[PDB]
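# Based on what follows, work out the 3D shape:
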Amino acid sequence: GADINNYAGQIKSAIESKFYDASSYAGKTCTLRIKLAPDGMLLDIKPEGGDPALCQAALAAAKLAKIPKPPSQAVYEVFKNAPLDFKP
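Numbering: from 1, shown residues only. See the structure here:
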């Protein structure tokens with residue numbers, strides 16, 4: 001519930017829900033660097049590597065994502081700046 005693995009999954013899920021036809025990329029990975037606010041708002045996102053095809057797509061999708069609020073101070077303090085592997 002509070003757990004960081006749970007929350008990381010929810011951020012991935014929120015991005016994937018706005019990503020048109022994400023399965024066409026099944027198998028590649030993009031590492032994103034994301035910065036969220038304590039309410040979940042995306043503040044900033046940049047690629048770090050893995051498939052560059054997947055990156056611009058994931059990057060576009062994440063901008064539309066409804067990310068839920070981090071469920072705890074510690075999980076907030078991770079995702080206020082942190083890499084996240086998106087793997088559709």
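# Neighbouring strands - and their directions - for the lengthiest strand in the chain?
If you go by DSSP state E, the chain has its longest strand at strand 42-50. Applying DSSP bridges, strand 42-50 is found paired with strand 30-36 (antiparallel).
# Not counting the strand it pairs with itself, show me its contacts.
11, 42-51, 54-55, 58-59, 62, 67, 70, 76, 79-86 (Cβ atoms under 8 Å, 6 or more residues apart in numbering). The way it works is simple: take the backbone N, C-alpha and C, and place the C-beta from them, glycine included.
# now do the same end-to-end measure for stretch 37-55.
22 Å (Cα to Cα, to the nearest Å).
# Mind naming the longest helix for the chain?
helix 4-17 (DSSP state H).
# Just the buried positions in the longest strand of the chain, please.
42, 45, 47, 50 (16 or more other Cβ atoms under 10 Å).
# Between strand 42-50 and the very next helix or strand once past it, find me the angle.
Using DSSP states H and E, the helix or strand that follows strand 42-50 towards the C-terminus is helix 52-62. Angle of helix 52-62 versus strand 42-50, following axes from the mean of the first three to the mean of the last three Cα atoms, to 10 degrees, is 170 degrees.
# Which positions within helix 52-62 qualify as buried?
54-55, 57-59, 61-62.
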